[PDB]
Structures are given as structure tokens and as C-alpha cells.
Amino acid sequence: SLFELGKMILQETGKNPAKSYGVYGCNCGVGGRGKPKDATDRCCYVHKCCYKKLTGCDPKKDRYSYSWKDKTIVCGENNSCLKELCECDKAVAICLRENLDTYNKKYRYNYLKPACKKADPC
């Protein structure tokens, strides 16, 4: 669920997830996809495409189990959809951390998104 996702992002980046990625660029946050503004935005692009492949569980609402082991996100076995969901969230958390070096606050807020260029199909 959003709770686990946010927790992962905090654990990897050390940043408050809502504050930094709540509405970042054309792909981070509520709404759909759009042409990526930068590398960070592209992380969320991939993430939303990752969600599209899921069946059997709700990516926004459904809780799952994961652990923080030697500062690594380790997805619990859960079930098929929940584990795949967990791996989606782990991937974007890692991706966001790896692209902190080009994070730009000018993409942080907000109004942008409906005017974004339409995204390629996943």
C-alpha cells in the first residue's frame, strides 16, 4: 500500500516521501503518467508501469510484509501479487535514491501534470 511505499522511500532516500515525491514532475504522485521531466521523474514512470502489470491485489490499498535487513529492503513472500507489488515499490525507492544527485525542486510542486505531454505506452 501507500504506507509501505512511503516507508521504503524514506528508508532509501532519507527524505520525507510526501514532501519530495508527492507531485514531482509528470509521473511522481497522484494521477497517471506523462513524458518524464528528468531521471527522478522517470523512476516514477517505471513505477506506474510496474503497477499496470499487477493483478490480484490493489497497489494503493493493500498492505504487504517487508523487512529492513542490513539496510536492504527485503520483500516478504506474501503472495504473487503482493510480492510483485512489494518489488515495484522497492525498485522505485532504490531508483529515487540513486537519482537524488539530479533531483530538482523546480519539479516538486505541482499544478503541472494535466498539461504534461502524453506518455508512451508502458
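Note that residue numbering begins at 1 and tracks the sequence as displayed.
Participant: Per the entry, where is the mean C-alpha temperature factor higher: 18 to 26 or 101 to 109?
Facilitator: Averaging CA B-factors over each stretch, the winner is 101 to 109.
Participant: Mean Cα B factor from the PDB record: higher for 28 to 36, or higher for 44 to 52?
Facilitator: Mean CA B-factor is higher for 28 to 36.
Participant: Would you mind checking where the Cα B-factor of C122 ranks among the modelled residues of its chain, as the lowest, middle or highest third?
Facilitator: Answer is highest: the recorded C-alpha B-factor places it there.
Participant: C-alpha B factor of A115, ranked within the chain: lowest, middle or highest third?
Facilitator: Ranked within chain, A115 CA B lands in the highest tercile.
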